[PDB]
Each structure stands twice: as structure tokens, then as C-alpha cells.
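Residue numbers (the entry's author numbering), protein chains in the order written: chain C, 2905 to 3086; chain D, 2905 to 3086. Read through the structure below, which is laid out as C-alpha cells, and then see the notes.
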């Protein structure tokens, strides 16, 4: 499991009494002990179960070994600052992440965050993404990043940045006083 | 352990009953007592364990001695104030710290906070750091400092300062009324 997720333990057998023990004070007498929610690295270890039958016989102790994975460090996103419209928008971070899923004003759904890699500015295979002006996601507003661990499946969310894209003023009109003598 | 960290106790043997005692009211009857979280100096001391077997025999009391280290005092960071761009930025503190890890807008990751000492403005071997204008980290914004105890491994975070770097105005254009008679 990855930190913050739930550790689900339980058995499928039938008995007069159940006895569970484990790491960080864990204990239970049920077939399905309450989930260990918001699991931490301290909860990793060996969970064990012994079962007592109505005939007074006691079964052999068996085990479940639960590993807990760390999430990637919280990344710090840095933008190019108050970029002028038409210039390439670059969002990056110094934190090393396997994959990086960028959440813009259009984010957090499968119709936007399509298959990673290739020409996909919102789901890259490293921490830096470049968004051209001719791109649906070239938008100002609050951006964040999710670091994806490609080995464990763990995710860690970033800080939030306000991307500012400035407008280029219109071609100005220029007028004069009309014909003038030499 | 260092204050704020967790004290993890437990045994590896098999018994009918376990009995733990310790400092600050600690007691448990498990093979793996709940962690003492957010450990304080008051939790330091001798933890002890006695184990009872199913045959009625009781083992000898053994010990674990847990020391708890203090964190460095919270340092007060002082900057040079509203420095003009191009001048050297100095961040310092009166608190004596073994190493000092500076967190700027690019901080808190291994790609930024590289090996301490030498030409590394973000990870020094004392409380004062100087950032030249020709440096990636010469940035305005919210800075903090982490004091690192090089003997115990303990860390203590600082206060937060807003560093202001002012722009130098552009070379002004100057115009006049054109040719004038003597």
C-alpha cells in the first residue's frame, strides 16, 4: 500500500474466535478487523492470525506481510512569470518524478489527461512541460502538478502557482493634423 | 531519536503474555506497543520488558535505553532589506547552527540543495549565505532556513522572510527643443 491508503485485513474461515496481532499496536478479534486508515510507514510489518475452533482446537499462526511505500516529495513548481501572450509557457520543478501530470483549468479528467508521453503537454515523462500558444491548455490561472512514481504507483501533489499571461495591446491608431506647408 | 520523532519499541519473541514499562507512564502488554509519537525529552529513559511463557515461567527483565535529542533553537533570519538588483543578497542569523540549508523559491529538493560546502549558496556550513546576482537562486520571495545539527542529525526551522529585490529603472530617453540660436 502507499502512505495515506488503507490496509485491509481479514480472513475467510469460520471459527469460534479469531485473534489478530500486528505492528504499531494492532489487534483484533474479528474475521474482518477495522481497516487501518491513513496508513503510515510505521504500520508496515507482519500481521498475524490465529484461529480458535468450537471444539477447543487452535490453528497454526499464519502471516500477511504489508509493505508501505513512501510518496514522492512534494514538488515545488516554478513558472516563467508574467509571460506575454504568444510566448511559450514553461512549468517545471527541481524534484525528480517519474511522470508528471499537470492540472490546469481543464484538468483532472481522462478526456484531458490523455496517455502520457508524446505531444501531451499535460502528462509528461519528467518534471518540465512546455505549452505553445497554439494549445488548448495555454491558459492563465491556478496550476498544480502530480508526481507519479512509475514503480510503486504512488502520487504526490505540488504547490499551487498562479500563471499570468499578459495581453499584447492592439495595433494603435495614429492620427495627425492633416496637410502641412513645407 | 530527536524530539518530534517516534519511539518504536517491540520484541521478536513468542510468549503467552508480554509486559512493558517505562518513562512518563509508558506501559504495554503487546509484542509491538503503539509507537510513542511526537516524542519529547520527558520520554527519554529506560524502557523494560518481561515475558511470560505458557508454562508459567517468567523471563528476566531486559532493557532498551532511549535517548532523545533536542532540536536546535528556532533561528531568526535577517536579510539586507530592499536590495537593488545587482547587489549581493545576504541572508544570515545569529543562531549558531552546524549547517544551514536555505530554502528559496527553488528549494526543498535534491536537485537544488546539493552537497554542502563549497560554492553552494543554499547549503552552507554556517548561518550566513551570500547570493551573487549571477546566481540561479538570486530571487525575491519567501525564504526560510533549516538548522542542521551535524552531531545528532536534528533539524530546526526558521522564521520566514520576504526578500525584496528592486529593479533598476531603464536608461531614460532625453529629448530637447532642437537647434537654438546662440
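For each residue, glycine too, the CB sits at the ideal point set by N, CA and C.
{"Query": "Looking only at DSSP bridge pairs, what is residue 3028 of chain D linked to?", "Result": "D:3004"}
{"Query": "Using a Cβ-Cβ distance cut-off of 7 Å, determine whether residue 2998 of chain C contacts chain D.", "Result": "yes"}
{"Query": "Within 6 Å: the Cβ of residue 3026 of chain C and any heavy atom of the ligand NAD?", "Result": "The model depicted lacks the ligand NAD and carries no ligand whatsoever."}
{"Query": "At 3 residues or longer, what runs of the beta strand (DSSP E) sit wholly inside the region 3035-3070 of chain D?", "Result": "3045-3052, 3059-3061 and 3065-3067"}
{"Query": "Can you check DSSP and say which residues form a bridge with residue 2987 of chain D?", "Result": "D:3069"}
{"Query": "Three or more beta-carbon pairs under 8 Å between the region 2945-2959 of chain D and the region 2996-3005 of chain D, yes or no?", "Result": "no"}
{"Query": "Have a look at D:3078, D:3077 and D:3020 and flag the residue whose alpha-carbon is nearest the alpha-carbon of residue 3051 of chain D.", "Result": "D:3020"}
{"Query": "Sort out for me which residues DSSP pairs residue 2940 of chain C with in a bridge.", "Result": "C:2911"}
{"Query": "Below 8 Å on the Cβ atoms is my guess for residue 2968 of chain D versus residue 2951 of chain D; work out the distance and round it to an integer in Å.", "Result": "5 Å"}
{"Query": "Could you say if the region 2921-2940 of chain C and the region 2932-2939 of chain D meet the contact criterion of at least three C-beta pairs nearer than 8 Å?", "Result": "yes"}
{"Query": "If you drop the 5 nearest sequence neighbours on each side, which residues of the same chain put their C-beta closer than 6 Å to that of residue 2940 of chain C?", "Result": "2911 and 2947"}
{"Query": "Does DSSP put residue 2946 of chain D in a helix, in a strand, or in coil?", "Result": "helix"}
{"Query": "Going by other Cβ atoms of all chains shown within 10 Å of its Cβ, with 16 needed for buried, is residue 3037 of chain C buried or exposed?", "Result": "exposed"}
{"Query": "My guess is that residue 3031 of chain C and residue 2979 of chain C are in contact by the Cβ rule of under 8 Å, so how many angstroms apart are they, rounded?", "Result": "7 Å"}
{"Query": "Between residue 2993 of chain C and residue 3006 of chain C, is the Cβ-Cβ spacing less than 7 Å?", "Result": "no"}
{"Query": "Which of the three DSSP states is assigned to residue 2973 of chain C in this structure?", "Result": "strand"}
{"Query": "Here's the rule: buried if 16 or more other CB atoms are within 10 angstroms of the residue's CB, otherwise exposed. What is residue 3017 of chain D?", "Result": "buried"}
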